[PDB]
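A short worksheet on the structure shown next.
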Amino acid sequence: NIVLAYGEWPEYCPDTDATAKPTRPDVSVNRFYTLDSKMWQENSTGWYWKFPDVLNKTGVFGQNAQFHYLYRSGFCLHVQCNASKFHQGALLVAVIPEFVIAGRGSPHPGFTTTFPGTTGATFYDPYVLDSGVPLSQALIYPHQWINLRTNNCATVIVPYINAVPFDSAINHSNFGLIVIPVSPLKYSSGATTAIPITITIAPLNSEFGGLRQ
Amino acid sequence: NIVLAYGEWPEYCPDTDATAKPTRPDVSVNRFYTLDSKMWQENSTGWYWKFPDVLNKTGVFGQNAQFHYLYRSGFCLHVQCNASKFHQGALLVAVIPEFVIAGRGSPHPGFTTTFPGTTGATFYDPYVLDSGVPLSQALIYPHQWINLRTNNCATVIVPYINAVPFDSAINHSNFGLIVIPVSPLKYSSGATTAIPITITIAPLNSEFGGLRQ
Amino acid sequence: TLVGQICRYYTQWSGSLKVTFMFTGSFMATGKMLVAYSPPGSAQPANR
Amino acid sequence: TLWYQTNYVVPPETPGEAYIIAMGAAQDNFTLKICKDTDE
Amino acid sequence: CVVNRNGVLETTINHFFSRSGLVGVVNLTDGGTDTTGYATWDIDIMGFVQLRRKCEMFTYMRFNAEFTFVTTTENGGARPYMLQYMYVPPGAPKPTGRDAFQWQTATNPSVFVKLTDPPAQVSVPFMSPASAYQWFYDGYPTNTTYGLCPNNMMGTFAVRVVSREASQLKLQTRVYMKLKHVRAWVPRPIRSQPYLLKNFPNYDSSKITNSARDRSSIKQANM
């Protein structure tokens, strides 16, 4: 049913120094944030979303992660696409920690290419994941297939993976959520051309330390 | 599963006067009476059946309700329509006690308009139930929706509701069974145009008193 | 509706309500909807 | 309000329009006060 | 032909990074005024593409390092001249000349070993402010500023011959690094595209090289 990233069930920080202190916010921030639905077509090529960049400037999490210079949280990711029984295809939904966009053409990528926002950007070369690293071996990461004749939803629960127990939520993005159609979408003439893909994010154990302004 | 009209499980008459006496007929009259199947189309507008008018001059119940001047019975109504998974729509199946057809045009209705027989008549204005009374509030009555993507059958069990415990089955009609398409029927070209609606009536606790001829 | 016609009598009223939607499409169709309620101090939302 | 989260997806040979009908009632803690005649 | 099972001691994460190989070569060319007389070397393991491809299989690594300096002359004949292998820890300034005052700072641990001796071996601990070295950083330190992590600095060495009046040697230092107590946390796929730069994952998208060599048809297993 659910994929559990590295078998952890994320928790709070144990007994760290410089915190006696950090606020543990309630379900006002731990609700279900539903992003936009991306239309997956025949010539579509994939998408990626940076975390926690997709929940900056959005709701209570935007007002906390912009006015705090420490941050630690784990997420619950729920990707679901709504297709009929006459469409076909497959999606690869993986979670890549420290997902670095490379830059192409023998030339560094822009700000909106690596930090796309809520509207996550699209791949240019999904075969090499836009990082010179092949999709053929991209099943090392916590993944789940969305095959349109078997299932529609994929649930991945990601803990906090970092070498430092507290960083800033604006500069550093911990992981990325790729959704790449490995097998393309085919349909007979008359069906719906675009199939939406909706994503729901619920933060689990968010912490914030040190308040501004 | 089943809708129970006002939560009663109809019974026989308790200890009334002028009956010591009335006959309690067996399953020769309490069988399943299946009426005709009405074809529901795109421009269809509803139907109504008066009880016990639909089972007069029909079988054993016709030979008992015409030669007896007292009558008391409760019914079991089973409305079912047979549609595929490519049709869509909704039906409102309600039971209206003392359902009086009004008459239109500023002019009283005929005999076959208010007592239609086995072939129940069709509405002219289903929005006001042909009685100046809106369909928007017609869910007071014991009702059940037939939505073609969820279910097909609707079962309503109606007791005897009257201010007098014995009346005549020819002059007075106790209730009416409306079936009105609230949402119209739509289908792609090539499917079956007309969808049948069949109704099965089983009398529960019929009583008859005083025999003629 | 029934709740709104018996309170064209009865000058004051206060209580909780509920609004039930149901969908009347084909069995093969698939989609989503967002059903949002705003508090009585605010206007309707301009974005999703 | 009532927003589109995902567009209406149909297979071939299936109609593309549908309908939603809305319902509504009051809860158990709904009360009423001073009587008044209706305005039809 | 092989019927038995091999050993599981050789596939472990500490034996995969076990042996010491070449990691950097510098040159002194002492003598005269136009020549410098010293040679520094920033410690990095992403210099050669054989250790770079092995360490970019993982994101977080934590290890010690011990070094060995094999210095010969230009021809090979080693007369006894005394050398100095200093160590500038991260946060300290590098030397600016062969007679500068950074050679006499007591907080830079230097090693005095002649040319005729066996090579000077010394060990360097874990020198990061974090708790693991990061080789993939998805952030900014605040175009060319993306993906730079200053928590990977280890130091320099600044080889110098100890003399007074400008001996005419032309030396060549070879640095051999051994990785000890290696711990690697999260894995990632091995790179298929060839390298373009030293600090960046750029891959020249105008020609995407494939990860499997071609065959005639899909129905013939002979390749």
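Letters A, B, ... mark the chains of the structure tokens in the order given; residue numbers begin at 1 per chain; ligand numbers begin at 1, in order shown.
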Give me, as JSON lines, the closest atom pair and its distance (Å, one decimal) for every residue of chain C within a cut-off of 12 Å of chain B, counting only C-alpha atoms, rows sorted by chain and rising number.
```
{"residue": "C:1", "atom": "CA", "partner": "B:137", "partner_atom": "CA", "distance": 5.9}
{"residue": "C:2", "atom": "CA", "partner": "B:137", "partner_atom": "CA", "distance": 5.9}
{"residue": "C:3", "atom": "CA", "partner": "B:137", "partner_atom": "CA", "distance": 9.6}
{"residue": "C:4", "atom": "CA", "partner": "B:137", "partner_atom": "CA", "distance": 10.5}
{"residue": "C:5", "atom": "CA", "partner": "B:137", "partner_atom": "CA", "distance": 9.8}
{"residue": "C:6", "atom": "CA", "partner": "B:137", "partner_atom": "CA", "distance": 11.6}
{"residue": "C:22", "atom": "CA", "partner": "B:147", "partner_atom": "CA", "distance": 9.4}
{"residue": "C:23", "atom": "CA", "partner": "B:147", "partner_atom": "CA", "distance": 8.7}
{"residue": "C:24", "atom": "CA", "partner": "B:89", "partner_atom": "CA", "distance": 5.8}
{"residue": "C:25", "atom": "CA", "partner": "B:88", "partner_atom": "CA", "distance": 5.5}
{"residue": "C:26", "atom": "CA", "partner": "B:88", "partner_atom": "CA", "distance": 4.8}
{"residue": "C:27", "atom": "CA", "partner": "B:149", "partner_atom": "CA", "distance": 4.6}
{"residue": "C:28", "atom": "CA", "partner": "B:85", "partner_atom": "CA", "distance": 6.8}
{"residue": "C:29", "atom": "CA", "partner": "B:86", "partner_atom": "CA", "distance": 9.4}
{"residue": "C:30", "atom": "CA", "partner": "B:149", "partner_atom": "CA", "distance": 11.6}
```
Selected residues written out, N, CA and C atoms, as a PDB file, in the first residue's frame:
```
ATOM      1  N   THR C   1     -35.955  25.107  -0.588  1.00  0.00           N
ATOM      2  CA  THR C   1     -35.723  23.991   0.311  1.00  0.00           C
ATOM      3  C   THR C   1     -36.706  24.024   1.479  1.00  0.00           C
ATOM      4  N   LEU C   2     -36.701  22.944   2.260  1.00  0.00           N
ATOM      5  CA  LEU C   2     -37.647  22.819   3.362  1.00  0.00           C
ATOM      6  C   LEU C   2     -37.213  23.634   4.571  1.00  0.00           C
ATOM      7  N   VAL C   3     -35.906  23.695   4.834  1.00  0.00           N
ATOM      8  CA  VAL C   3     -35.414  24.447   5.981  1.00  0.00           C
ATOM      9  C   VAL C   3     -35.573  25.944   5.745  1.00  0.00           C
ATOM     10  N   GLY C   4     -35.583  26.381   4.486  1.00  0.00           N
ATOM     11  CA  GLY C   4     -35.688  27.787   4.154  1.00  0.00           C
ATOM     12  C   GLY C   4     -37.083  28.316   3.942  1.00  0.00           C
ATOM     13  N   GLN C   5     -38.095  27.452   3.958  1.00  0.00           N
ATOM     14  CA  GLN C   5     -39.478  27.884   3.809  1.00  0.00           C
ATOM     15  C   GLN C   5     -40.261  27.863   5.109  1.00  0.00           C
ATOM     16  N   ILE C   6     -39.853  27.047   6.088  1.00  0.00           N
ATOM     17  CA  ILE C   6     -40.464  27.120   7.409  1.00  0.00           C
ATOM     18  C   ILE C   6     -39.786  28.161   8.284  1.00  0.00           C
ATOM     19  N   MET C  22     -24.353  15.213  -4.711  1.00  0.00           N
ATOM     20  CA  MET C  22     -24.232  13.895  -5.319  1.00  0.00           C
ATOM     21  C   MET C  22     -24.044  14.073  -6.816  1.00  0.00           C
ATOM     22  N   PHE C  23     -23.338  13.129  -7.422  1.00  0.00           N
ATOM     23  CA  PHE C  23     -22.916  13.237  -8.808  1.00  0.00           C
ATOM     24  C   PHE C  23     -23.745  12.303  -9.673  1.00  0.00           C
ATOM     25  N   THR C  24     -24.128  12.786 -10.850  1.00  0.00           N
ATOM     26  CA  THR C  24     -25.063  12.096 -11.731  1.00  0.00           C
ATOM     27  C   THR C  24     -24.442  11.939 -13.117  1.00  0.00           C
ATOM     28  N   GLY C  25     -23.232  11.387 -13.146  1.00  0.00           N
ATOM     29  CA  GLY C  25     -22.560  11.056 -14.377  1.00  0.00           C
ATOM     30  C   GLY C  25     -22.558   9.564 -14.642  1.00  0.00           C
ATOM     31  N   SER C  26     -21.820   9.184 -15.680  1.00  0.00           N
ATOM     32  CA  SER C  26     -21.715   7.779 -16.030  1.00  0.00           C
ATOM     33  C   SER C  26     -20.807   7.056 -15.039  1.00  0.00           C
ATOM     34  N   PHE C  27     -20.889   5.725 -15.053  1.00  0.00           N
ATOM     35  CA  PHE C  27     -20.056   4.921 -14.168  1.00  0.00           C
ATOM     36  C   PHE C  27     -18.598   4.911 -14.609  1.00  0.00           C
ATOM     37  N   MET C  28     -18.337   5.177 -15.887  1.00  0.00           N
ATOM     38  CA  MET C  28     -16.984   5.168 -16.423  1.00  0.00           C
ATOM     39  C   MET C  28     -16.225   6.467 -16.170  1.00  0.00           C
ATOM     40  N   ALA C  29     -16.916   7.555 -15.844  1.00  0.00           N
ATOM     41  CA  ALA C  29     -16.278   8.859 -15.725  1.00  0.00           C
ATOM     42  C   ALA C  29     -15.520   8.989 -14.410  1.00  0.00           C
ATOM     43  N   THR C  30     -14.468   9.809 -14.429  1.00  0.00           N
ATOM     44  CA  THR C  30     -13.579   9.980 -13.290  1.00  0.00           C
ATOM     45  C   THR C  30     -13.099  11.424 -13.242  1.00  0.00           C
TER      46      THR C  30
END
```
(request) Based on DSSP run over this structure's backbone, return all residues of range 2-149 of chain A in alpha helix (DSSP H), as a list in words. (result) residues 59, 60, 61, 62, 63, 64, 65, 111, 112, 113 and 114 of chain A
(request) For residue 57 in chain A, work out the shell of residues within 12 Å, counting only C-alpha atoms and skipping chain neighbours fewer than 6 positions away, then give it as a list in words. (result) residues 63, 64, 65, 66, 67, 117, 118, 169 and 170 of chain A
Please dump the current selection as a compact mmCIF listing (two decimals), in the first residue's frame; keep N, CA, C and O atoms.
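Result went into again22.txt, see below:
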```
# COMPACT_ATOMS: atom_id res chain seq x y z
N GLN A 63 4.39 31.13 6.19
CA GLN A 63 4.64 32.17 7.18
C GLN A 63 5.56 31.70 8.30
O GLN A 63 6.05 32.53 9.07
N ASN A 64 5.81 30.39 8.41
CA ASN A 64 6.73 29.86 9.40
C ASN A 64 8.12 29.59 8.84
O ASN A 64 9.12 29.88 9.50
N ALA A 65 8.21 29.05 7.62
CA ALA A 65 9.50 28.71 7.04
C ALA A 65 10.24 29.92 6.48
O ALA A 65 11.44 29.81 6.19
N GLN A 66 9.57 31.06 6.32
CA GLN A 66 10.23 32.28 5.88
C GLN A 66 10.68 33.15 7.04
O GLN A 66 11.56 34.00 6.86
N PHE A 67 10.10 32.97 8.23
CA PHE A 67 10.47 33.75 9.40
C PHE A 67 11.11 32.88 10.48
O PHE A 67 10.96 33.14 11.67
N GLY A 117 9.22 26.24 -7.58
CA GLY A 117 8.06 26.71 -6.87
C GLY A 117 6.98 25.65 -6.77
O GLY A 117 7.23 24.45 -6.82
N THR A 118 5.73 26.13 -6.63
CA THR A 118 4.59 25.22 -6.61
C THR A 118 4.37 24.57 -7.97
O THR A 118 4.14 23.36 -8.06
N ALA A 169 15.01 26.57 5.55
CA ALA A 169 14.05 26.04 4.59
C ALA A 169 14.01 26.83 3.29
O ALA A 169 13.27 26.44 2.38
N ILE A 170 14.77 27.91 3.17
CA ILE A 170 14.75 28.74 1.98
C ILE A 170 15.93 28.44 1.06
O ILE A 170 15.76 28.29 -0.15
```
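Inside chain C, the residues DSSP reads as strand (DSSP E) when given the backbone are residues 13, 14, 17, 18, 19, 20, 21, 22, 23, 30, 31, 32, 33 and 34 of chain C.
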(message) Can you tell me which residues surround residue 36 in chain D at a distance of at most 10 Å, considering only C-alpha atoms, apart from same-chain residues fewer than 4 positions away, and format the answer as a list in words?
(response)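 The residues that qualify are residues 7, 8, 9, 10, 11 and 12 of chain C.
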Write out, as a tab-separated table (two decimals), in the first residue's frame, the residues just selected, with C-alpha atoms.
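Output below, filename selection08.tsv:
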```
chain	number	residue	atom	x	y	z
C	7	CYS	CA	-38.19	30.00	8.47
C	8	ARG	CA	-40.00	32.64	6.50
C	9	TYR	CA	-41.93	32.32	9.74
C	10	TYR	CA	-39.92	32.35	13.01
C	11	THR	CA	-38.03	35.70	12.99
C	12	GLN	CA	-34.74	34.46	14.52
```
Distance cut-off 12 Å, counting only C-alpha atoms - which residues of chain E neighbour chain A? Return them as a compact mmCIF listing (two decimals) with N, CA, C and O atoms, in the first residue's frame.
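Listing of selection_9.txt after writing:
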```txt
# COMPACT_ATOMS: atom_id res chain seq x y z
N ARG E 53 33.89 8.62 -9.58
CA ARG E 53 32.75 7.78 -9.92
C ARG E 53 32.39 6.82 -8.79
O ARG E 53 31.23 6.42 -8.68
N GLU E 56 30.70 9.25 -5.85
CA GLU E 56 29.40 9.79 -6.22
C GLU E 56 28.34 8.71 -6.40
O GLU E 56 27.27 8.99 -6.95
N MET E 57 28.62 7.49 -5.95
CA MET E 57 27.59 6.48 -5.74
C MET E 57 26.84 6.71 -4.44
O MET E 57 25.81 6.06 -4.22
N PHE E 58 27.34 7.59 -3.58
CA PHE E 58 26.74 7.89 -2.29
C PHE E 58 26.73 9.39 -2.09
O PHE E 58 27.48 10.13 -2.74
N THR E 59 25.88 9.86 -1.18
CA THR E 59 25.75 11.29 -0.92
C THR E 59 26.54 11.73 0.32
O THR E 59 27.30 12.70 0.25
N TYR E 60 26.38 11.02 1.43
CA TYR E 60 27.02 11.39 2.69
C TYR E 60 28.12 10.38 3.00
O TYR E 60 27.85 9.18 3.06
N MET E 61 29.34 10.87 3.20
CA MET E 61 30.47 10.02 3.53
C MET E 61 31.24 10.61 4.70
O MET E 61 31.31 11.83 4.87
N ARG E 62 31.83 9.72 5.50
CA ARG E 62 32.53 10.09 6.73
C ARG E 62 33.75 9.19 6.85
O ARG E 62 33.61 7.98 7.00
N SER E 128 35.25 18.24 9.04
CA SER E 128 34.09 18.95 8.53
C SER E 128 33.26 19.53 9.67
O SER E 128 33.21 18.96 10.76
N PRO E 129 32.62 20.69 9.45
CA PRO E 129 31.73 21.23 10.49
C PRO E 129 30.44 20.44 10.63
O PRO E 129 29.83 20.46 11.71
N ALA E 130 30.00 19.75 9.58
CA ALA E 130 28.84 18.88 9.65
C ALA E 130 29.26 17.52 10.19
O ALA E 130 30.37 17.34 10.70
N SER E 131 28.38 16.52 10.09
CA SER E 131 28.69 15.18 10.57
C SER E 131 28.92 14.19 9.43
O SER E 131 29.04 12.99 9.69
N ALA E 132 29.02 14.68 8.20
CA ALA E 132 29.27 13.87 7.01
C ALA E 132 29.64 14.80 5.86
O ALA E 132 29.13 15.92 5.77
N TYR E 133 30.54 14.33 5.00
CA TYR E 133 30.86 15.07 3.79
C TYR E 133 29.71 14.95 2.80
O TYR E 133 29.22 13.85 2.54
N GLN E 134 29.29 16.08 2.24
CA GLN E 134 28.26 16.09 1.20
C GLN E 134 28.92 16.29 -0.15
O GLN E 134 29.70 17.23 -0.33
N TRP E 135 28.59 15.41 -1.10
CA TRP E 135 29.08 15.58 -2.46
C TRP E 135 27.99 16.07 -3.41
O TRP E 135 28.28 16.36 -4.57
N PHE E 136 26.75 16.16 -2.93
CA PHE E 136 25.63 16.71 -3.69
C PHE E 136 24.84 17.63 -2.76
O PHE E 136 24.20 17.16 -1.82
N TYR E 137 24.90 18.93 -3.02
CA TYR E 137 24.24 19.94 -2.21
C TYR E 137 23.24 20.68 -3.07
O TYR E 137 23.63 21.34 -4.05
N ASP E 138 21.96 20.57 -2.73
CA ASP E 138 20.88 21.21 -3.48
C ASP E 138 20.52 22.51 -2.77
O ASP E 138 19.51 22.61 -2.08
N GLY E 139 21.37 23.51 -2.94
CA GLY E 139 21.10 24.78 -2.30
C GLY E 139 22.12 25.83 -2.69
O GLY E 139 22.88 25.66 -3.64
N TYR E 140 22.10 26.92 -1.93
CA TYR E 140 22.98 28.06 -2.12
C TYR E 140 23.68 28.39 -0.81
O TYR E 140 23.09 28.24 0.26
N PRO E 141 24.95 28.83 -0.87
CA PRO E 141 25.67 29.15 0.37
C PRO E 141 25.18 30.42 1.06
O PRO E 141 25.45 30.60 2.25
N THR E 142 24.47 31.30 0.35
CA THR E 142 23.96 32.53 0.95
C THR E 142 22.80 32.25 1.89
O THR E 142 23.00 32.12 3.10
N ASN E 143 24.31 31.92 -10.68
CA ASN E 143 24.77 31.00 -11.72
C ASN E 143 25.84 30.05 -11.19
O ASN E 143 25.59 28.86 -11.01
N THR E 144 27.03 30.60 -10.92
CA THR E 144 28.16 29.79 -10.48
C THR E 144 28.16 29.50 -8.99
O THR E 144 29.08 28.83 -8.51
N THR E 145 27.16 29.97 -8.25
CA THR E 145 27.09 29.74 -6.81
C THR E 145 26.21 28.55 -6.44
O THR E 145 26.13 28.20 -5.26
N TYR E 146 25.56 27.91 -7.42
CA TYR E 146 24.66 26.81 -7.13
C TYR E 146 25.43 25.52 -6.89
O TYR E 146 26.30 25.14 -7.68
N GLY E 147 25.11 24.84 -5.79
CA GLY E 147 25.69 23.54 -5.51
C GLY E 147 27.11 23.56 -4.99
O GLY E 147 27.89 22.65 -5.30
N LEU E 148 27.47 24.57 -4.22
CA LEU E 148 28.79 24.66 -3.60
C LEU E 148 28.63 24.53 -2.09
O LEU E 148 27.88 25.30 -1.47
N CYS E 149 29.34 23.58 -1.50
CA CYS E 149 29.28 23.33 -0.06
C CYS E 149 30.66 23.55 0.54
O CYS E 149 31.58 22.76 0.27
N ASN E 151 31.62 22.91 3.46
CA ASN E 151 31.86 21.97 4.54
C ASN E 151 32.69 20.76 4.11
O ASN E 151 32.68 19.74 4.80
N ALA E 184 29.13 5.27 4.51
CA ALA E 184 28.34 5.88 3.45
C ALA E 184 26.87 5.60 3.71
O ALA E 184 26.50 4.46 4.00
N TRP E 185 26.03 6.64 3.60
CA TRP E 185 24.66 6.50 4.09
C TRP E 185 23.61 6.22 3.02
O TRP E 185 23.04 5.12 3.02
N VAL E 186 23.36 7.12 2.08
CA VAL E 186 22.30 6.95 1.10
C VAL E 186 22.93 6.73 -0.27
O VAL E 186 23.82 7.48 -0.67
N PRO E 187 22.54 5.68 -0.99
CA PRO E 187 23.12 5.42 -2.31
C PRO E 187 22.34 6.12 -3.42
O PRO E 187 21.25 6.65 -3.21
N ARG E 188 22.94 6.11 -4.60
CA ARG E 188 22.41 6.78 -5.78
C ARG E 188 23.03 6.12 -7.01
O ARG E 188 24.08 5.47 -6.89
N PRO E 189 22.40 6.22 -8.18
CA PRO E 189 22.90 5.49 -9.35
C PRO E 189 24.23 6.02 -9.86
O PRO E 189 24.57 7.20 -9.72
N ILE E 190 24.98 5.12 -10.48
CA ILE E 190 26.31 5.43 -10.99
C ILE E 190 26.16 6.22 -12.28
O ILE E 190 25.27 5.96 -13.10
N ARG E 191 27.04 7.21 -12.48
CA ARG E 191 26.92 8.11 -13.61
C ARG E 191 27.27 7.42 -14.93
O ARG E 191 28.27 6.71 -15.02
N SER E 192 26.43 7.64 -15.94
CA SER E 192 26.63 7.08 -17.27
C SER E 192 27.24 8.09 -18.24
O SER E 192 28.02 7.70 -19.12
N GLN E 193 26.90 9.36 -18.11
CA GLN E 193 27.40 10.39 -19.01
C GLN E 193 28.82 10.79 -18.62
O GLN E 193 29.18 10.77 -17.45
N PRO E 194 29.65 11.15 -19.60
CA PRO E 194 31.02 11.58 -19.28
C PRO E 194 31.04 12.95 -18.62
O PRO E 194 30.13 13.77 -18.77
N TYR E 195 32.11 13.19 -17.87
CA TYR E 195 32.24 14.41 -17.08
C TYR E 195 32.66 15.58 -17.96
O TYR E 195 33.44 15.43 -18.90
N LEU E 196 32.12 16.75 -17.64
CA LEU E 196 32.47 17.99 -18.32
C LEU E 196 33.26 18.95 -17.45
O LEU E 196 34.24 19.54 -17.92
N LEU E 197 32.87 19.13 -16.20
CA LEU E 197 33.58 19.98 -15.26
C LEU E 197 33.99 19.18 -14.03
O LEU E 197 33.68 17.99 -13.91
N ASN E 199 33.51 20.35 -10.58
CA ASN E 199 32.63 20.55 -9.44
C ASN E 199 31.15 20.49 -9.79
O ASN E 199 30.31 20.70 -8.91
N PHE E 200 30.80 20.21 -11.05
CA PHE E 200 29.42 20.33 -11.47
C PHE E 200 28.99 19.10 -12.27
O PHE E 200 29.81 18.47 -12.93
N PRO E 201 27.69 18.74 -12.22
CA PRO E 201 27.23 17.52 -12.89
C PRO E 201 26.94 17.66 -14.38
O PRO E 201 26.19 16.83 -14.91
N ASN E 202 27.47 18.69 -15.05
CA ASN E 202 27.14 18.99 -16.44
C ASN E 202 27.51 17.84 -17.37
O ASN E 202 28.52 17.15 -17.16
N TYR E 203 26.68 17.61 -18.40
CA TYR E 203 26.79 16.37 -19.15
C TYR E 203 26.67 16.49 -20.67
O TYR E 203 26.67 15.44 -21.32
N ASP E 204 26.56 17.70 -21.24
CA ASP E 204 26.58 17.95 -22.69
C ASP E 204 25.44 17.21 -23.41
O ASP E 204 25.64 16.20 -24.09
N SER E 205 24.23 17.72 -23.18
CA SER E 205 22.99 17.13 -23.68
C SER E 205 22.89 17.06 -25.21
O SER E 205 21.95 16.41 -25.70
N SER E 206 23.78 17.70 -25.96
CA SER E 206 23.73 17.61 -27.41
C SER E 206 24.12 16.23 -27.93
O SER E 206 23.76 15.89 -29.06
N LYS E 207 24.83 15.43 -27.14
CA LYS E 207 25.06 14.02 -27.46
C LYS E 207 24.89 13.20 -26.18
O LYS E 207 25.72 13.25 -25.26
N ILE E 208 23.77 12.49 -26.09
CA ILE E 208 23.48 11.62 -24.96
C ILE E 208 24.02 10.24 -25.29
O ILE E 208 23.47 9.54 -26.14
N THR E 209 25.11 9.86 -24.63
CA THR E 209 25.64 8.52 -24.83
C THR E 209 24.76 7.50 -24.11
O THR E 209 24.15 7.78 -23.08
N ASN E 210 24.66 6.32 -24.71
CA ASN E 210 23.75 5.31 -24.22
C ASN E 210 24.45 4.41 -23.20
O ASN E 210 25.68 4.33 -23.14
N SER E 211 23.64 3.74 -22.38
CA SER E 211 24.14 2.89 -21.32
C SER E 211 24.21 1.42 -21.72
O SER E 211 24.54 0.58 -20.87
N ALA E 212 23.92 1.09 -22.97
CA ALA E 212 24.04 -0.28 -23.46
C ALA E 212 24.41 -0.24 -24.94
O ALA E 212 23.82 0.52 -25.71
```
(message) What are the residues of chain A lining chain D at 8 Å or less? Count only C-alpha atoms, and put the answer as an NGL selection string.
(response) :A and (36-37 or 82-87 or 188-192 or 195-198)
(request) Write out as a list in words which residues come within 9 Å of residue 116 in chain B when counting only C-alpha atoms, dropping same-chain ones fewer than 6 positions away. (result) residues 48, 49, 50, 53 and 54 of chain B
